[PDB]
Amino acid sequence: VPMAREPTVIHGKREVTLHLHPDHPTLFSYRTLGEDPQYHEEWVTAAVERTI
Amino acid sequence: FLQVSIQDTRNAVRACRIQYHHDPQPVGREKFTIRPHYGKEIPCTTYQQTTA
Amino acid sequence: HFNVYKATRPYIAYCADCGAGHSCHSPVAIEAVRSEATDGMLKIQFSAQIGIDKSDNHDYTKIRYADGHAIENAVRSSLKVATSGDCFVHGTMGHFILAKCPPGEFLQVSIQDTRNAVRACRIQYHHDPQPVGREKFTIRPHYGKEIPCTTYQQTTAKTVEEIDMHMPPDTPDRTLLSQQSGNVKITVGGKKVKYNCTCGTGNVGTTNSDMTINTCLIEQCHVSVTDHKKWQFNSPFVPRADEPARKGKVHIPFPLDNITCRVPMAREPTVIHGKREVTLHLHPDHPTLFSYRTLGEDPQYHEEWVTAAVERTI
Amino acid sequence: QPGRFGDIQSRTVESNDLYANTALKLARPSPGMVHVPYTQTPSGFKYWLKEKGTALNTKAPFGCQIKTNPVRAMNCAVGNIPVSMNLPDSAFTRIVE
Amino acid sequence: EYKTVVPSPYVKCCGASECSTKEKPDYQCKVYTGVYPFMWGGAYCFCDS
Amino acid sequence: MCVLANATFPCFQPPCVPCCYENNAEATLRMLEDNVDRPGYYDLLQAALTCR
Ligand SMILES: *[C@@H]1O[C@H](CO)[C@@H](O[C@@H]2O[C@H](CO)[C@@H](O[C@@H]3O[C@H](CO)[C@@H](O)[C@H](O)[C@@H]3O)[C@H](O)[C@H]2NC(C)=O)[C@H](O)[C@H]1NC(C)=O
Ligand SMILES: *[C@@H]1O[C@H](CO)[C@@H](O[C@@H]2O[C@H](CO)[C@@H](O[C@@H]3O[C@H](CO)[C@@H](O)[C@H](O)[C@@H]3O)[C@H](O)[C@H]2NC(C)=O)[C@H](O)[C@H]1NC(C)=O
Numbered sequence: 267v268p269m270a271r272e273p274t275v276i277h278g279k280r281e282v283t284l285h286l287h288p289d290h291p292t293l294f295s296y297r298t299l300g301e302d303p304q305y306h307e308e309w310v311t312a313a314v315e316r317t318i
Numbered sequence: 110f111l112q113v114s115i116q117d118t119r120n121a122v123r124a125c126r127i128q129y130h131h132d133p134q135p136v137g138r139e140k141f142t143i144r145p146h147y148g149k150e151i152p153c154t155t156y157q158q159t160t161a
Numbered sequence: 005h006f007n008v009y010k011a012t013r014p015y016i017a018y019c020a021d022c023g024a025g026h027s028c029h030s031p032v033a034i035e036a037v038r039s040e041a042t043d044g045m046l047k048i049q050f051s052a053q054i055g056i057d058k059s060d061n062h063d064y065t066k067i068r069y070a071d072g073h074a075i076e077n078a079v080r081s082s083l084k085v086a087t088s089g090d091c092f093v094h095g096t097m098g099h100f101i102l103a104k105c106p107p108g109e110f111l112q113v114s115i116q117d118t119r120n121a122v123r124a125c126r127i128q129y130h131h132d133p134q135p136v137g138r139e140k141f142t143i144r145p146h147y148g149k150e151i152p153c154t155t156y157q158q159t160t161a162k163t164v165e166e167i168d169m170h171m172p173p174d175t176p177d178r179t180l181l182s183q184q185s186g187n188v189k190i191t192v193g194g195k196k197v198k199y200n201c202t203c204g205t206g207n208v209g210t211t212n213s214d215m216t217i218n219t220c221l222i223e224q225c226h227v228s229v230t231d232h233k234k235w236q237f238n239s240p241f242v243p244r245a246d247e248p249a250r251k252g253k254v255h256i257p258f259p260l261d262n263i264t265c266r267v268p269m270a271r272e273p274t275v276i277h278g279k280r281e282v283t284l285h286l287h288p289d290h291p292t293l294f295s296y297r298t299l300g301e302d303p304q305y306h307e308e309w310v311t312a313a314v315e316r317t318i
Numbered sequence: 196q197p198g199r200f201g202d203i204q205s206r207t208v209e210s211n212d213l214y215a216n217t218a219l220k221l222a223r224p225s226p227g228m229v230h231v232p233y234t235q236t237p238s239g240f241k242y243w244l245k246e247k248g249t250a251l252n253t254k255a256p257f258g259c260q261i262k263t264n265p266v267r268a269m270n271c272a273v274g275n276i277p278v279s280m281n282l283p284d285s286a287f288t289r290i291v292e
Numbered sequence: 050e051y052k053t054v055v056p057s058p059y060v061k062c063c064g065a066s067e068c069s070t071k072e073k074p075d076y077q078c079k080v081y082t083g084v085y086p087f088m089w090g091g092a093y094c095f096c097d098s
Numbered sequence: 008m009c010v011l012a013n014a015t016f017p018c019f020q021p022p023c024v025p026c027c028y029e030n031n032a033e034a035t036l037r038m039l040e041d042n043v044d045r046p047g048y049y050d051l052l053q054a055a056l057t058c059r
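Chains as they are written, first to last, in PDB author numbering: chain A, 267 to 318; chain B, 110 to 161; chain C, 5 to 318; chain D, 196 to 292; chain E, 50 to 98; chain F, 8 to 59.
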């Protein structure tokens, strides 16, 4: 199986802006590792940007 | 759908059709189409040609 | 004439999957594909140059391809380039191919061997052409405007384009060692071979004739054919010879040039007058772009990709 | 910045200098093959082509068309044009006639 | 639009190589150890590791 | 304006005329590889592999 490219990270004040460049549908998910997590999951298709 | 056919003794085509919704998805988290020349090795399953 | 391709040979590269899902070295490996033409013509690049026979003579029926450091030839027919559908081959010279293909998610090239066995290599490629203009038509009509575009031409004149060629490395081979009884023979026939056998004293160097080492088995002796008379290519799938490299220059065929296309004109929409308002009926046959603006001090923008019959008020 | 408009820039079309920032990164080759793997952020110009958004031809006020080579705005109604004139005596007619 | 140039690798074996800097846009070079390459006729570079 | 070791001959008229490649292929290729950076490389190529 192939490995997708690393997304571009842009730091901020307690924030991260991610620029995503997929060649084909890939799955992107993140969680906050505190006491009450912030679940998320999505199927990325085209070039987008996310703030987490 | 899919169909199977082969020529008769008189060089006539004998065919039959059956409705079948085929849409495979490769194992992993990416919906690629053709294996690349650089990537990981993820376990899967397949039919083998041996007749034991 | 000039005949650049007299000092160039086909080569064997590594292919991801050869039409069946398995990886093996095939002589029809695909390099990068160029699709920088507006009308949608690709330039696939082989590893086995086509249009020139084995004897370095120009020919419209035979193609060259490498096979075990020995050049063979195959008929020009049965050269099939394909995608989700099936493509049409326009031009042909040397390594490069011109084609027009239907939309798909891959493409493959294949042509029969000497023994009539297909050799193929497919690469992942997302092809989705779009005609120049504001309508996404499929085929040209018999009545419409003329819009400039760009395309690849079939002339093979001076182009000012580059390919780097470098001398081929010493190809490994082990079918030449024939261990008979405590000794080996080295096969010849036009290949000056290299060897390195760490038994006893120095057993290194080159040769062009059979030898015997008489000391060890085939476990240490190995043969490296050192053909040094023809440039091959600068490909990432084949190693280099020396640190500073050598390099070379070769022009490519099919330069880019200006031509004109024909595009259809959509029907006139039906207007319905009102009190400082227009109701507009739209009847498209294929995705068209519709946009309007108010030509006052502060305009009111809009643009859209109309697909089916709609009704808009402006 | 990589991945957006202007990831590579040149001062002029024929200029020799070039500034490129596309985050090209190499990786260790897989065992038993010769392929030189690498990863790279896709081109920013191709991205800009797909999501530039609108234009000035369909956005300009006062209903004036924008054209190129050279860049200009045509038939663009705004303001007043003062006119200064100087006429000879041959244009007029004597009051007796 | 840009274009990535990737020259052929130089597998120096029974020895070692050192990377050399150059004045090229966004140049990248590295040297790896322990490769055992294979070709169609077999595997060259006698030295095992 | 091309160079061959210590020759310094015009690129239009190489000293190997005629049939530079046929007489000695390896010498001709190694001569070409030393003139890649010269502005008159293509004229030399036009004469190196041209003989009837
Ligand atoms: C298709 O046609 C267009 C327009 O005719 C071509 O674009 C033009 O190509 C010419 C090539 O000589 C450019 O001329 C250049 O102008 C600069 C200006 O300083 C000059 O320094 C150069 O020496 C050269 O003369 C021109 O700028 C360019 N653009 C225009 C006219 O708007 C295009 O190349 C054609 N496509 C082909 C032939 O594939
Ligand atoms: C023919 O094959 C033999 C295989 O033995 C090659 O011998 C190898 O030569 C290299 C080059 O000197 C040796 O590397 C050296 O290793 C020592 C440590 O042992 C290190 O201190 C040196 O700096 C150097 O890296 C290598 O050890 C040696 N092989 C063995 C098993 O000792 C020989 O070079 C081959 N011939 C040619 C022309 O390549």
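Where a beta carbon is used, it is the ideal one built from N, C-alpha and C, also for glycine.
Residues of chain B whose Cβ lies closer than 7 angstroms to the Cβ of A:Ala270 are, in chain order, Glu139.
Taking the Cβ of C:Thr154 as the reference point, at least one heavy atom of ligand 1 falls within a distance shorter than 8 angstroms. A check of alpha carbon separations from B:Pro152 across B:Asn120, B:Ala161, B:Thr159, B:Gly137 identifies B:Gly137 as the nearest.
Look at C:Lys104: its C-beta is not under 9 angstroms from any C-beta on chain F. Shown here for D:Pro232: same chain residues with a beta carbon closer than 7 angstroms to its own, the five before and five after excluded, namely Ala222, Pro224 in chain order. At least 9 angstroms separates the beta-carbon of C:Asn7 from that of F:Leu51. Straight-line measurement puts the Cα of C:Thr155 at about 27 angstroms from the Cα of D:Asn252. Looking only at C:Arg316, C:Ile318, C:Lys84, C:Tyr9, the smallest Cα-Cα distance to C:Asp117 is reached by C:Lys84. According to DSSP, residue pairing for B:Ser114 in a beta bridge involves B:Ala124.
From the beta-carbon of C:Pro273, no residue of chain D is found nearer than 9 angstroms; the closest lies around 17 angstroms away. For C:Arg297, at least one C-beta of chain D is nearer than 9 angstroms to its own C-beta.
CA-to-CA, the gap between F:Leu39 and C:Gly252 works out to about 7 angstroms. Between C:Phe237 and D:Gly258, the alpha-carbon positions lie close to 57 angstroms from each other. Counting along the chain, F:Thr35 sits inside the alpha helix (DSSP H) bounded by residues 32 to 39. The C-beta of C:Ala70 has 16 or more other C-beta atoms within 10 Å across all chains shown, which makes the residue buried. Nearest CB-CB separation between E:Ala65 and chain C: not below the 9 angstroms threshold. One alpha carbon belongs to C:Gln158, the other to C:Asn61, and they sit about 20 angstroms apart. For F:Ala54, the uninterrupted alpha helix (DSSP H) segment begins and ends at 48 to 55.
A Cβ-Cβ distance of about 6 angstroms is found for the pair C:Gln183 and C:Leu221, placing them in contact under the 8 angstroms criterion. Straight across, the Cα-Cα distance linking C:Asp21 with C:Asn207 is about 40 angstroms. By the C-beta density criterion, C:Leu102 is buried, having at least 16 other C-beta atoms within 10 angstroms. With the rule of 3 Cβ pairs closer than 8 angstroms, the region 283 to 299 of chain A counts as touching the region 267 to 275 of chain A. Below 8 angstroms, too few C-beta pairs join the region 204 to 224 of chain D and the region 288 to 305 of chain A to call them touching: fewer than three.
Taking a cut-off of 8 angstroms for Cβ pairs, the region 188 to 199 of chain C and the region 164 to 173 of chain C do not touch, as fewer than three such pairs fall below it.
Within chain E, no residue has its CB atom less than 9 angstroms from the CB of C:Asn207, the nearest being about 12 angstroms off.
Identification of residues in the region 216 to 245 of chain D having a C-beta nearer than 7 angstroms to some C-beta of chain B yields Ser225, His230, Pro232, given in sequence order.
Taken through DSSP and simplified to helix, strand or coil, C:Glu223 comes out as coil. For the beta strand (DSSP E) assignment, the uninterrupted runs of no fewer than 3 residues enclosed by the region 149 to 235 of chain C are, from N- to C-terminal side, 149 to 156, 175 to 177, 197 to 200, 208 to 211, 227 to 229. Annotation for C:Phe100: no alpha helix (DSSP H) segment contains it, though the beta strand (DSSP E) segment containing it runs 92 to 104. The C-beta of B:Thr142 has fewer than 16 other C-beta atoms within 10 Å across all chains shown, which makes the residue exposed. Pairing E:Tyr76 with D:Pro226 gives a Cβ-Cβ distance that is not under 9 angstroms. Sixteen is the threshold: when 16 or more other Cβ atoms of the shown chains lie within 10 Å of the Cβ of D:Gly239, as they do, the residue is buried.
Looking from the CA of D:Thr249, the closest CA among C:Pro173, C:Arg316, C:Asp302, C:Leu293 belongs to C:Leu293. The beta-carbon of A:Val267 is placed less than 9 angstroms from the nearest beta-carbon of chain B. The straight-line gap separating the alpha-carbon atoms of D:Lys220 and B:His146 is approximately 17 angstroms.
C:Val242 sits buried, since 16 or more C-beta atoms from the chains shown fall within 10 Å of its C-beta.
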